[PDB]
Amino acid sequence: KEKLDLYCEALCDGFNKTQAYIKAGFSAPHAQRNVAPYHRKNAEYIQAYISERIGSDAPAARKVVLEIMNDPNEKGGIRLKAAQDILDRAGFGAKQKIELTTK
Amino acid sequence: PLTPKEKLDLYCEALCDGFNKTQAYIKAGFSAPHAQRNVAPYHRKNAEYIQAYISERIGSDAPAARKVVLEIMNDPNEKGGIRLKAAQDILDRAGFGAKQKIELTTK
Amino acid sequence: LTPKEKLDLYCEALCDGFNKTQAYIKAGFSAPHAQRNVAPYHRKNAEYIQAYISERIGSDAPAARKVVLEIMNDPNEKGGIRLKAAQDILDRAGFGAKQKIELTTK
Amino acid sequence: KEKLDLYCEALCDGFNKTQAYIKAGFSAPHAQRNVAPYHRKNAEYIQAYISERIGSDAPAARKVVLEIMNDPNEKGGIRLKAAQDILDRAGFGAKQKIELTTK
Amino acid sequence: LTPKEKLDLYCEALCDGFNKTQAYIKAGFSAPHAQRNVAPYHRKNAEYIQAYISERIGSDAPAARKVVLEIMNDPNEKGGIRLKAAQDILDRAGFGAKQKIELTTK
Amino acid sequence: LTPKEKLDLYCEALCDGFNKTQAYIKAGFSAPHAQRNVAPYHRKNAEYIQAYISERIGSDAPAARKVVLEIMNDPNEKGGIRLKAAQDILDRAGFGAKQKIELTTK
Amino acid sequence: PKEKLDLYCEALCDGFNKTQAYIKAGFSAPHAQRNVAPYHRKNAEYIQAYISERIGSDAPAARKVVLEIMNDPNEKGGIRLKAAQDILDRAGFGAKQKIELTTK
Amino acid sequence: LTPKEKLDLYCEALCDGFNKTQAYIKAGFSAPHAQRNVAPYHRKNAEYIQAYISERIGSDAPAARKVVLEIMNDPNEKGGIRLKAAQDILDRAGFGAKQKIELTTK
Amino acid sequence: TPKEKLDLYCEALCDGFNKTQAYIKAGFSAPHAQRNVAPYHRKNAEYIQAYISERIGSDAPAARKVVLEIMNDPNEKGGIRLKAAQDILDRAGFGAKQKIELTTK
């Protein structure tokens with residue numbers, strides 16, 4: 001279970017099937033076949049690992065959007081859009097909508 | 001120096017402030033050496049609380065941006081489109097929106 | 001001195017200086033425990049702080065309504081902005097969108 | 001209940017709690033508590049009154065859109081957008097949309 | 001010659017001169033007492049005011065329809081405007097877009 | 001000479017000239033008393049007048065189809081505009097959008 | 001009658017004139033002002049179906065146009081990107097989930 | 001050489017040359033009758049025409065996939081283009097949209 | 001080999017937008033290369049779609065790196081950084097908010 005996690009991290013970081021698979025610690029001579037089955041047997045974990053890796057970088061972008069909202073030297077529209085986004089994360093959304101349908 | 005939940009709160013703050021996972025790990029109070037493993041498990045076992053803390057911090061910093069949008073809505077020397085978008089945003093925050101749209105259903 | 005008003009001042013201080021510690025030390029407590037004691041007030045009263053910020057935005061809303069009306073009636077700005085302002089004010093008046101037909105299959 | 005509506009219009013025009021409060025006829029010293037409680041207890045009607053005040057300019061917006069739609073010296077895109085808006089108000093909408101489920 | 005004509009004239013005056021007090025003075029009453037009864041009379045006929053505004057914009061819609069057709073057929077404007085006008089008029093004709101599929105979960 | 005074709009001419013004149021009084025005087029009746037009975041006449045024949053206006057608006061669709069096809073076939077047109085025209089005609093041809101899945105909570 | 005209706009619809013689509021289309025419908029030129037309104041309104045559904053088929057028959061041309069604009073290296077990258085997006089949307093790769101949460 | 005082979009070749013020729021009479025003569029039929037037989041021939045086999053055009057659109061999908069991937073991997077492009085390419089390729093990759101809360105009123 | 005060459009054929013169609021060269025290089029019956037391919041496409045359209053989907057999806061980490069780095073580059077236009085941050089937060093799980101509905105039957 002540790003080799004598959006390391007393979008997922010290496011594939012997520014260096015975008016290569018054969019290079020990451022040979023970097024896992026396995027046989028070099030057959031690096032085109034066994035790798036498709038190994039990827040086919042752990043698709044759920046690969047998706048989960050890539051999703052959590054993408055999600056773990058959120059604080060840096062949150063800091064970036066907050067800083068652009070408070071930096072006076074950037075265009076005002078960008079600050080307005082950043083403030084709108086962060087306030088929308090705070091929890092204030094849109095309002096009423098009515099539907100008519102009886103046939 | 002102890003109470004690992006306080007160290008976890010410091011870890012969350014360090015991850016929120018610095019653009020390096022290794023620096024955050026060294027700032028938590030753990031062993032710096034061999035920084036290739038033993039870090040993924042610590043990062044993965046408390047992801048839910050990390051997300052909750054990030055959400056609470058963003059919501060607590062939202063009022064500063066609300067003040068910013070209000071002040072830009074109150075700036076007379078700024079472009080009209082920016083003022084219009086700010087006014088739309090704050091009025092939508094007050095709770096007054098758009099109206100109906102009709103749907104017809106067929107067998 | 002009455003309670004719930006000090007919470008209103010605390011909410012305003014947090015809204016103004018984008019920092020929890022400065023608002024907490026300025027409200028009514030001591031320095032020795034300024035990282036924890038503030039967490040119970042913030043986590044147990046999140047609903048009231050959100051309500052206070054929303055009510056302040058709503059109380060400043062009439063100024064923005066006046067602003068959008070004046071921009072809609074000021075000819076010194078680009079025509080698109082006036083058109084968008086007129087559309088928004090008419091949508092606020094109570095005139096919405098039109099028909100949409102749906103057919104469902106299996 | 002005319003005084004509350006007058007208070008709402010005065011607050012809408014002079015954008016200040018203290019100035020509107022003193023224009024109501026009240027005490028200068030109590031500008032942080034009692035006015036917040038009265039506003040919190042009559043927010044629904046205050047909001048309705050400000051909405052009707054903004055809505056009373058709807059004929060002005062109709063005049064603005066009609067006059068802007070008929071100017072030949074203005075850029076074509078705005079004339080098109082005005083025509084689209086007025087036609088959407090006229091009562092002509094979009095067309096059919098189908099739903100397919102394949103669970 | 002009835003208060004229905006005074007109400008229609010009042011609505012038209014508000015539409016053509018964007019002011020409540022002057023419109024009320026144009027209704028036929030004393031100008032000085034324009035702050036008290038006009039708000040109640042204005043609020044008691046909000047539905048009719050909205051209906052009149054809607055009917056007026058719908059009756060002036062054909063001029064805008066002619067304008068949008070002419071801009072769709074006017075060669076001196078940039079192509080994007082002609083395309084958007086043609087798309088709008090064709091969508092009005094009754095030829096629209098197609099399906100979107102839905103997946104439901106438990 | 002019957003109310004159906006006279007009403008059709010009334011609708012066509014209203015569609016062409018953008019004037020209520022001109023259309024009514026073209027109908028064939030007395031010009032002066034055009035302010036009172038006209039509200040009842042419009043209220044009693046609004047549905048067919050609106051249907052006629054919609055039919056006239058929809059009948060110009062072949063012109064818009066020709067315009068969108070020619071703009072899609074002009075190499076001197078902006079690439080985005082040609083792409084949008086091709087998208088519009090293909091979406092009318094019968095190729096639409098795709099899946100949308102929902103996750104539900106009790 | 002269905003072929004005269006087809007020619008009438010095509011003439012209306014191409015020669016932008018109601019009088020020309022009606023006279024092309026094979027009828028008398030002089031009395032071309034009255035019968036034409038009933039004739040046009042009595043077959044609106046078939047006219048719409050034929051015109052829809054006419055607009056759809058040029059769809060392969062739009063396919064060729066979008067492919068050619070997507071394959072031109074001298075075009076801005078955004079236009080090629082949007083053309084690829086559109087062609088993929090027909091290819092069978094679409095958007096993803098949207099969740100609804102209710103509070104009641 | 002089969003009649004379905006002549007018809008699919010006709011569909012491909014219509015897709016390539018964009019002329020009905022030329023496409024009809026390219027189908028394998030008589031040139032002198034290019035106005036009559038062509039309307040019924042196109043109307044009676046619309047389903048297969050739609051299937052053929054859909055297959056032609058689907059067979060070029062790898063080129064568009066390569067284009068979007070290279071645009072996401074092209075360093076000389078403006079930031080908006082790279083961002084849109086990356087977002088689109090991830091949308092196909094399988095990471096969904098945001099969350100939405102719904103409020104209902106009786 | 002019945003099925004690994006078929007996977008190679010799927011990849012060849014995904015990469016080089018052609019049919020005759022890929023079909024002759026796969027190892028199949030050349031004399032009937034216009035028909036046999038229609039039968040294989042009709043019998044394996046779902047598998048072809050799955051393979052092309054995997055081909056497009058497997059490059060996702062490169063684009064994720066691109067969007068993350070654009071969010072962290074100070075020399076890029078502000079709108080681009082804002083949109084990148086919006087996308088990364090949308091993946092984190094914070095989107096737009098509530099909508100209220102009123103029904104009249």
# chains A, B, ... in the order shown; residues from 1 in each chain; ligands from 1
call {"tool": "select_by_dssp", "arguments": {"residues": "chain E", "states": "alpha helix (DSSP H)", "output": "PyMOL selection string"}}
result
chain E and resi 3-17+20-27+38-43+46-72+79-93
call {"tool": "calpha_fit_and_write", "arguments": {"fixed": "chain C", "moving": "chain F", "output": "tab-separated table (two decimals) with N, CA and C atoms, in the first residue's frame"}}
result
chain	number	residue	atom	x	y	z
F	1	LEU	N	-24.07	48.53	30.19
F	1	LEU	CA	-22.92	47.65	30.35
F	1	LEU	C	-23.39	46.21	30.53
F	2	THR	N	-23.52	45.50	29.41
F	2	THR	CA	-24.06	44.15	29.39
F	2	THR	C	-23.45	43.42	28.21
F	3	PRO	N	-23.44	42.08	28.23
F	3	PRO	CA	-22.80	41.34	27.13
F	3	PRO	C	-23.41	41.58	25.76
F	4	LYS	N	-24.69	41.96	25.68
F	4	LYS	CA	-25.31	42.16	24.37
F	4	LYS	C	-24.75	43.40	23.66
F	5	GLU	N	-24.66	44.52	24.38
F	5	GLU	CA	-24.12	45.73	23.76
F	5	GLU	C	-22.60	45.69	23.69
F	6	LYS	N	-21.94	45.04	24.65
F	6	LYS	CA	-20.50	44.88	24.54
F	6	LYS	C	-20.15	44.00	23.35
F	7	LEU	N	-20.97	42.97	23.10
F	7	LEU	CA	-20.78	42.13	21.92
F	7	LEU	C	-21.07	42.90	20.64
F	8	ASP	N	-22.06	43.80	20.68
F	8	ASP	CA	-22.33	44.63	19.51
F	8	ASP	C	-21.14	45.54	19.20
F	9	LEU	N	-20.53	46.12	20.24
F	9	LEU	CA	-19.31	46.91	20.05
F	9	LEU	C	-18.16	46.04	19.54
F	10	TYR	N	-18.06	44.81	20.04
F	10	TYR	CA	-17.04	43.88	19.56
F	10	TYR	C	-17.21	43.60	18.07
F	11	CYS	N	-18.44	43.37	17.64
F	11	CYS	CA	-18.73	43.15	16.22
F	11	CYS	C	-18.41	44.39	15.40
F	12	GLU	N	-18.78	45.58	15.89
F	12	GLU	CA	-18.51	46.81	15.15
F	12	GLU	C	-17.01	47.06	15.01
F	13	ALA	N	-16.25	46.82	16.08
F	13	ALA	CA	-14.81	46.99	16.02
F	13	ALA	C	-14.17	46.00	15.06
F	14	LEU	N	-14.64	44.75	15.06
F	14	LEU	CA	-14.14	43.77	14.10
F	14	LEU	C	-14.48	44.17	12.67
F	15	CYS	N	-15.66	44.75	12.47
F	15	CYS	CA	-16.06	45.21	11.14
F	15	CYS	C	-15.23	46.39	10.68
F	16	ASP	N	-14.73	47.19	11.63
F	16	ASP	CA	-14.04	48.43	11.29
F	16	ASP	C	-12.53	48.27	11.16
F	17	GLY	N	-11.89	47.46	12.01
F	17	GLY	CA	-10.44	47.44	12.02
F	17	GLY	C	-9.67	46.29	11.39
F	18	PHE	N	-10.32	45.15	11.16
F	18	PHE	CA	-9.69	44.00	10.49
F	18	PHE	C	-8.53	43.44	11.32
F	19	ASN	N	-8.78	43.24	12.62
F	19	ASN	CA	-7.79	42.64	13.50
F	19	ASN	C	-8.53	41.91	14.62
F	20	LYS	N	-8.14	40.65	14.87
F	20	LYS	CA	-8.79	39.88	15.92
F	20	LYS	C	-8.32	40.31	17.31
F	21	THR	N	-7.01	40.52	17.47
F	21	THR	CA	-6.47	40.87	18.77
F	21	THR	C	-6.91	42.27	19.19
F	22	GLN	N	-6.96	43.21	18.24
F	22	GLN	CA	-7.41	44.55	18.56
F	22	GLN	C	-8.86	44.54	19.02
F	23	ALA	N	-9.71	43.77	18.33
F	23	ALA	CA	-11.11	43.67	18.75
F	23	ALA	C	-11.23	43.05	20.14
F	24	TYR	N	-10.45	42.00	20.42
F	24	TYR	CA	-10.56	41.38	21.74
F	24	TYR	C	-10.05	42.31	22.84
F	25	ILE	N	-8.95	43.03	22.60
F	25	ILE	CA	-8.46	43.95	23.62
F	25	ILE	C	-9.44	45.11	23.79
F	26	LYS	N	-10.17	45.47	22.73
F	26	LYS	CA	-11.21	46.48	22.86
F	26	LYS	C	-12.44	45.95	23.57
F	27	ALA	N	-12.59	44.62	23.67
F	27	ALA	CA	-13.74	44.08	24.39
F	27	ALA	C	-13.65	44.39	25.88
F	28	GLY	N	-12.45	44.29	26.46
F	28	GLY	CA	-12.26	44.69	27.84
F	28	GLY	C	-11.65	43.64	28.75
F	29	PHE	N	-10.98	42.65	28.18
F	29	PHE	CA	-10.47	41.49	28.91
F	29	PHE	C	-8.95	41.46	28.86
F	30	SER	N	-8.37	40.41	29.43
F	30	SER	CA	-6.92	40.31	29.51
F	30	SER	C	-6.34	40.04	28.13
F	31	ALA	N	-5.31	40.81	27.77
F	31	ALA	CA	-4.69	40.73	26.45
F	31	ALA	C	-3.86	39.47	26.25
F	32	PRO	N	-3.08	39.04	27.24
F	32	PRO	CA	-2.15	37.92	27.00
F	32	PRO	C	-2.83	36.61	26.66
F	33	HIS	N	-3.81	36.18	27.46
F	33	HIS	CA	-4.47	34.90	27.21
F	33	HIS	C	-5.61	35.09	26.20
F	34	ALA	N	-5.20	35.44	24.98
F	34	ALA	CA	-6.11	35.67	23.87
F	34	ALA	C	-6.02	34.58	22.80
F	35	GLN	N	-5.25	33.52	23.03
F	35	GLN	CA	-5.06	32.50	22.01
F	35	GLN	C	-5.87	31.23	22.22
F	36	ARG	N	-6.24	30.89	23.46
F	36	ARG	CA	-6.94	29.63	23.72
F	36	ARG	C	-8.46	29.82	23.86
F	37	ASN	N	-8.90	30.62	24.83
F	37	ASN	CA	-10.33	30.82	25.07
F	37	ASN	C	-11.04	31.46	23.88
F	38	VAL	N	-10.29	32.08	22.96
F	38	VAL	CA	-10.91	32.81	21.87
F	38	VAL	C	-11.52	31.86	20.85
F	39	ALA	N	-10.90	30.70	20.61
F	39	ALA	CA	-11.55	29.73	19.74
F	39	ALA	C	-12.90	29.31	20.30
F	40	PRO	N	-13.02	28.95	21.58
F	40	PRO	CA	-14.36	28.66	22.13
F	40	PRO	C	-15.31	29.84	22.07
F	41	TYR	N	-14.82	31.06	22.33
F	41	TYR	CA	-15.71	32.21	22.28
F	41	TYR	C	-16.24	32.44	20.87
F	42	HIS	N	-15.39	32.25	19.86
F	42	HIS	CA	-15.83	32.44	18.49
F	42	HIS	C	-16.79	31.33	18.09
F	43	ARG	N	-16.55	30.11	18.59
F	43	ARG	CA	-17.43	29.01	18.22
F	43	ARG	C	-18.79	29.16	18.89
F	44	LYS	N	-18.84	29.80	20.06
F	44	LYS	CA	-20.11	29.98	20.75
F	44	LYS	C	-20.85	31.25	20.35
F	45	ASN	N	-20.20	32.21	19.66
F	45	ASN	CA	-20.95	33.41	19.28
F	45	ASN	C	-20.80	33.75	17.80
F	46	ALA	N	-20.45	32.76	16.98
F	46	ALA	CA	-20.27	32.99	15.55
F	46	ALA	C	-21.57	33.37	14.86
F	47	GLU	N	-22.69	32.75	15.24
F	47	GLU	CA	-23.93	33.04	14.55
F	47	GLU	C	-24.35	34.49	14.72
F	48	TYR	N	-24.31	35.01	15.95
F	48	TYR	CA	-24.71	36.40	16.12
F	48	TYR	C	-23.67	37.35	15.55
F	49	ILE	N	-22.37	37.01	15.63
F	49	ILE	CA	-21.38	37.89	15.02
F	49	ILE	C	-21.60	37.98	13.52
F	50	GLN	N	-21.85	36.83	12.87
F	50	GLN	CA	-22.11	36.82	11.44
F	50	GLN	C	-23.39	37.57	11.10
F	51	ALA	N	-24.44	37.42	11.92
F	51	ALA	CA	-25.68	38.15	11.67
F	51	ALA	C	-25.46	39.65	11.77
F	52	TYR	N	-24.67	40.09	12.75
F	52	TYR	CA	-24.38	41.52	12.88
F	52	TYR	C	-23.60	42.03	11.68
F	53	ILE	N	-22.62	41.25	11.21
F	53	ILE	CA	-21.84	41.67	10.05
F	53	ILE	C	-22.74	41.76	8.81
F	54	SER	N	-23.64	40.79	8.65
F	54	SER	CA	-24.58	40.82	7.53
F	54	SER	C	-25.51	42.02	7.62
F	55	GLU	N	-26.00	42.33	8.83
F	55	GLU	CA	-26.89	43.47	9.00
F	55	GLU	C	-26.18	44.78	8.68
F	56	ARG	N	-24.93	44.91	9.11
F	56	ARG	CA	-24.17	46.12	8.79
F	56	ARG	C	-23.92	46.22	7.29
F	57	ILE	N	-23.62	45.09	6.64
F	57	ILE	CA	-23.41	45.11	5.19
F	57	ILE	C	-24.69	45.49	4.46
F	58	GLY	N	-25.84	44.99	4.92
F	58	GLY	CA	-27.11	45.32	4.29
F	58	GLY	C	-27.60	46.73	4.55
F	59	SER	N	-27.23	47.32	5.69
F	59	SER	CA	-27.72	48.65	6.05
F	59	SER	C	-27.12	49.77	5.20
F	60	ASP	N	-26.06	49.50	4.45
F	60	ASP	CA	-25.48	50.50	3.56
F	60	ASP	C	-26.13	50.50	2.19
F	61	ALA	N	-27.17	49.69	2.02
F	61	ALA	CA	-27.91	49.62	0.76
F	61	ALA	C	-28.41	50.97	0.23
F	62	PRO	N	-28.94	51.89	1.04
F	62	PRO	CA	-29.37	53.18	0.47
F	62	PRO	C	-28.25	53.93	-0.23
F	63	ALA	N	-27.01	53.83	0.26
F	63	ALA	CA	-25.89	54.44	-0.44
F	63	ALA	C	-25.71	53.82	-1.82
F	64	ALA	N	-25.82	52.49	-1.92
F	64	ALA	CA	-25.70	51.83	-3.21
F	64	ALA	C	-26.87	52.18	-4.13
F	65	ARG	N	-28.07	52.33	-3.57
F	65	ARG	CA	-29.22	52.75	-4.37
F	65	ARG	C	-29.00	54.15	-4.93
F	66	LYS	N	-28.49	55.07	-4.10
F	66	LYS	CA	-28.18	56.41	-4.59
F	66	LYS	C	-27.10	56.36	-5.66
F	67	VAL	N	-26.09	55.52	-5.47
F	67	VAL	CA	-25.00	55.43	-6.45
F	67	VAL	C	-25.52	54.90	-7.78
F	68	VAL	N	-26.33	53.84	-7.75
F	68	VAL	CA	-26.83	53.27	-8.99
F	68	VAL	C	-27.79	54.23	-9.69
F	69	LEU	N	-28.62	54.95	-8.92
F	69	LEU	CA	-29.50	55.92	-9.54
F	69	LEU	C	-28.72	57.07	-10.18
F	70	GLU	N	-27.71	57.59	-9.48
F	70	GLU	CA	-26.95	58.71	-10.02
F	70	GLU	C	-26.13	58.29	-11.23
F	71	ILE	N	-25.57	57.07	-11.22
F	71	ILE	CA	-24.84	56.60	-12.39
F	71	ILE	C	-25.80	56.37	-13.55
F	72	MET	N	-27.04	55.95	-13.25
F	72	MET	CA	-28.06	55.84	-14.28
F	72	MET	C	-28.51	57.20	-14.80
F	73	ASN	N	-28.28	58.26	-14.04
F	73	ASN	CA	-28.71	59.60	-14.44
F	73	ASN	C	-27.55	60.46	-14.93
F	74	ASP	N	-26.35	59.90	-15.07
F	74	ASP	CA	-25.20	60.65	-15.55
F	74	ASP	C	-25.06	60.49	-17.06
F	75	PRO	N	-25.17	61.56	-17.85
F	75	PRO	CA	-25.02	61.41	-19.31
F	75	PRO	C	-23.58	61.17	-19.72
F	76	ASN	N	-22.63	61.40	-18.82
F	76	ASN	CA	-21.21	61.24	-19.11
F	76	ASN	C	-20.76	59.81	-18.84
F	77	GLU	N	-21.70	58.93	-18.51
F	77	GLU	CA	-21.41	57.55	-18.20
F	77	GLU	C	-21.58	56.70	-19.45
F	78	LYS	N	-20.89	55.57	-19.48
F	78	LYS	CA	-20.93	54.70	-20.64
F	78	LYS	C	-22.35	54.18	-20.85
F	79	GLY	N	-22.74	54.02	-22.12
F	79	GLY	CA	-24.12	53.65	-22.40
F	79	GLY	C	-24.48	52.29	-21.83
F	80	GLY	N	-23.54	51.35	-21.91
F	80	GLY	CA	-23.79	50.04	-21.32
F	80	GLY	C	-23.97	50.12	-19.82
F	81	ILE	N	-23.20	50.98	-19.16
F	81	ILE	CA	-23.30	51.12	-17.72
F	81	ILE	C	-24.63	51.74	-17.32
F	82	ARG	N	-25.07	52.77	-18.04
F	82	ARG	CA	-26.38	53.36	-17.75
F	82	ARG	C	-27.49	52.35	-18.00
F	83	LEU	N	-27.37	51.57	-19.07
F	83	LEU	CA	-28.36	50.54	-19.37
F	83	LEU	C	-28.41	49.50	-18.26
F	84	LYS	N	-27.25	49.06	-17.77
F	84	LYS	CA	-27.20	48.07	-16.70
F	84	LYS	C	-27.77	48.62	-15.40
F	85	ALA	N	-27.49	49.89	-15.09
F	85	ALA	CA	-28.06	50.50	-13.89
F	85	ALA	C	-29.58	50.58	-13.97
F	86	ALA	N	-30.10	51.01	-15.12
F	86	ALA	CA	-31.54	51.06	-15.30
F	86	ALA	C	-32.15	49.66	-15.20
F	87	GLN	N	-31.49	48.67	-15.80
F	87	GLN	CA	-31.96	47.29	-15.70
F	87	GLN	C	-32.00	46.83	-14.25
F	88	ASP	N	-30.96	47.15	-13.48
F	88	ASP	CA	-30.89	46.72	-12.09
F	88	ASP	C	-32.02	47.32	-11.27
F	89	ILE	N	-32.25	48.63	-11.41
F	89	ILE	CA	-33.29	49.26	-10.61
F	89	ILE	C	-34.67	48.78	-11.04
F	90	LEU	N	-34.87	48.56	-12.35
F	90	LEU	CA	-36.16	48.05	-12.80
F	90	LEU	C	-36.39	46.60	-12.37
F	91	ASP	N	-35.34	45.77	-12.39
F	91	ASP	CA	-35.48	44.39	-11.91
F	91	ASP	C	-35.83	44.36	-10.44
F	92	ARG	N	-35.29	45.30	-9.66
F	92	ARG	CA	-35.74	45.40	-8.27
F	92	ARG	C	-37.16	45.95	-8.19
F	93	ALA	N	-37.57	46.75	-9.17
F	93	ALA	CA	-38.94	47.27	-9.17
F	93	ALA	C	-39.96	46.14	-9.30
F	94	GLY	N	-39.59	45.03	-9.93
F	94	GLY	CA	-40.49	43.89	-10.01
F	94	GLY	C	-40.84	43.38	-11.39
F	95	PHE	N	-39.95	43.56	-12.37
F	95	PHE	CA	-40.15	43.05	-13.72
F	95	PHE	C	-39.02	42.09	-14.05
F	96	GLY	N	-39.35	40.82	-14.23
F	96	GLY	CA	-38.35	39.77	-14.36
F	96	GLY	C	-38.31	39.08	-15.71
F	97	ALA	N	-37.69	37.90	-15.74
F	97	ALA	CA	-37.54	37.13	-16.97
F	97	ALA	C	-38.78	36.27	-17.25
F	98	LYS	N	-38.67	35.46	-18.29
F	98	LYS	CA	-39.82	34.82	-18.93
F	98	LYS	C	-39.64	33.32	-19.14
F	99	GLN	N	-40.44	32.77	-20.05
F	99	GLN	CA	-40.78	31.35	-20.07
F	99	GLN	C	-39.56	30.47	-20.32
F	100	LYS	N	-39.65	29.24	-19.82
F	100	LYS	CA	-38.66	28.20	-20.07
F	100	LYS	C	-39.41	26.88	-20.13
F	101	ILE	N	-39.32	26.18	-21.26
F	101	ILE	CA	-40.11	24.97	-21.47
F	101	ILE	C	-39.19	23.77	-21.50
F	102	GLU	N	-39.69	22.64	-21.00
F	102	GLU	CA	-38.94	21.39	-20.93
F	102	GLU	C	-39.67	20.27	-21.67
F	103	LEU	N	-38.89	19.45	-22.36
F	103	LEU	CA	-39.37	18.25	-23.04
F	103	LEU	C	-38.74	17.06	-22.34
F	104	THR	N	-39.57	16.11	-21.94
F	104	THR	CA	-39.16	15.02	-21.08
F	104	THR	C	-39.18	13.67	-21.79
F	105	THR	N	-38.24	12.82	-21.40
F	105	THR	CA	-38.08	11.48	-21.96
F	105	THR	C	-38.05	10.48	-20.82
F	106	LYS	N	-38.78	9.38	-21.00
F	106	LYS	CA	-39.01	8.40	-19.94
F	106	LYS	C	-37.71	7.80	-19.41
call {"tool": "interface_residues", "arguments": {"of": "chain B", "to": "chain I", "cutoff": "10 Å", "atoms": "only C-alpha atoms", "output": "PyMOL selection string"}}
result
chain B and resi 19+51+55+97+100
call {"tool": "write_last_selection", "arguments": {"atoms": "C-alpha atoms", "output": "PDB file, in the first residue's frame"}}
result
ATOM      1  CA  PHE B  19       4.297  28.296   0.522  1.00  0.00           C
ATOM      2  CA  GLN B  51     -10.398  22.375   5.645  1.00  0.00           C
ATOM      3  CA  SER B  55     -13.007  27.918   6.026  1.00  0.00           C
ATOM      4  CA  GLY B  97     -32.919  39.534  -5.949  1.00  0.00           C
ATOM      5  CA  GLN B 100     -39.752  34.614 -11.819  1.00  0.00           C
TER       6      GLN B 100
END
call {"tool": "residues_around", "arguments": {"residues": "residue 78 (chain B)", "least_positions_apart": "5", "cutoff": "12 Å", "atoms": "only C-alpha atoms", "output": "PyMOL selection string"}}
result
(chain A and resi 75-77+80) or (chain B and resi 71-73+83-86) or (chain C and resi 77)
call {"tool": "interface_residues", "arguments": {"of": "chain G", "to": "chain E", "cutoff": "10 Å", "atoms": "only C-alpha atoms", "output": "VMD selection string"}}
result
chain G and resid 48 52 94 96 to 99
call {"tool": "residues_around", "arguments": {"residues": "region 39-54 of chain D", "least_positions_apart": "2", "cutoff": "7 Å", "atoms": "only C-alpha atoms", "output": "list in words"}}
result
residues 62 and 65 of chain C; 5, 8, 35, 36, 37, 56 and 57 of chain D
call {"tool": "residues_around", "arguments": {"residues": "residue 12 (chain G)", "least_positions_apart": "2", "cutoff": "10 Å", "atoms": "only C-alpha atoms", "output": "list in words"}}
result
residues 59, 60, 62 and 63 of chain F; 6, 7, 8, 9, 10, 14, 15, 16, 17, 18, 19, 20, 21, 22, 24, 25 and 51 of chain G
call {"tool": "residues_around", "arguments": {"residues": "residue 63 (chain A)", "least_positions_apart": "6", "cutoff": "10 Å", "atoms": "only C-alpha atoms", "output": "mmCIF file with N, CA, C and O atoms, in the first residue's frame"}}
result
data_model
loop_
_atom_site.group_PDB
_atom_site.id
_atom_site.type_symbol
_atom_site.label_atom_id
_atom_site.label_comp_id
_atom_site.auth_asym_id
_atom_site.auth_seq_id
_atom_site.Cartn_x
_atom_site.Cartn_y
_atom_site.Cartn_z
ATOM 1 N N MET A 69 -6.831 41.449 -2.756
ATOM 2 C CA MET A 69 -7.941 42.286 -2.317
ATOM 3 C C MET A 69 -7.492 43.450 -1.436
ATOM 4 O O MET A 69 -8.203 44.458 -1.365
ATOM 5 N N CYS B 16 -1.095 27.867 6.151
ATOM 6 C CA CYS B 16 -1.850 28.959 5.548
ATOM 7 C C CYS B 16 -0.945 30.121 5.161
ATOM 8 O O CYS B 16 -1.238 30.835 4.195
ATOM 9 N N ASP B 17 0.152 30.324 5.889
ATOM 10 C CA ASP B 17 0.987 31.495 5.638
ATOM 11 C C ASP B 17 2.154 31.226 4.690
ATOM 12 O O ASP B 17 2.469 32.081 3.854
ATOM 13 N N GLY B 18 2.802 30.070 4.785
ATOM 14 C CA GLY B 18 3.998 29.782 4.005
ATOM 15 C C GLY B 18 3.717 28.865 2.828
ATOM 16 O O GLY B 18 2.896 27.951 2.915
ATOM 17 N N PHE B 19 4.418 29.119 1.725
ATOM 18 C CA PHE B 19 4.297 28.296 0.522
ATOM 19 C C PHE B 19 5.311 27.155 0.499
ATOM 20 O O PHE B 19 6.003 26.929 -0.492
ATOM 21 N N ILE B 58 -11.086 32.071 6.458
ATOM 22 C CA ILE B 58 -11.561 32.849 5.318
ATOM 23 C C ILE B 58 -12.834 33.604 5.679
ATOM 24 O O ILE B 58 -13.008 34.773 5.305
ATOM 25 N N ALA I 85 -7.040 31.097 -8.473
ATOM 26 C CA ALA I 85 -7.387 30.890 -7.072
ATOM 27 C C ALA I 85 -8.828 30.414 -6.934
ATOM 28 O O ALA I 85 -9.129 29.542 -6.112
#
call {"tool": "residues_around", "arguments": {"residues": "residue 105 (chain I)", "least_positions_apart": "2", "cutoff": "9 Å", "atoms": "only C-alpha atoms", "output": "PyMOL selection string"}}
result
(chain A and resi 100-102) or (chain I and resi 103)
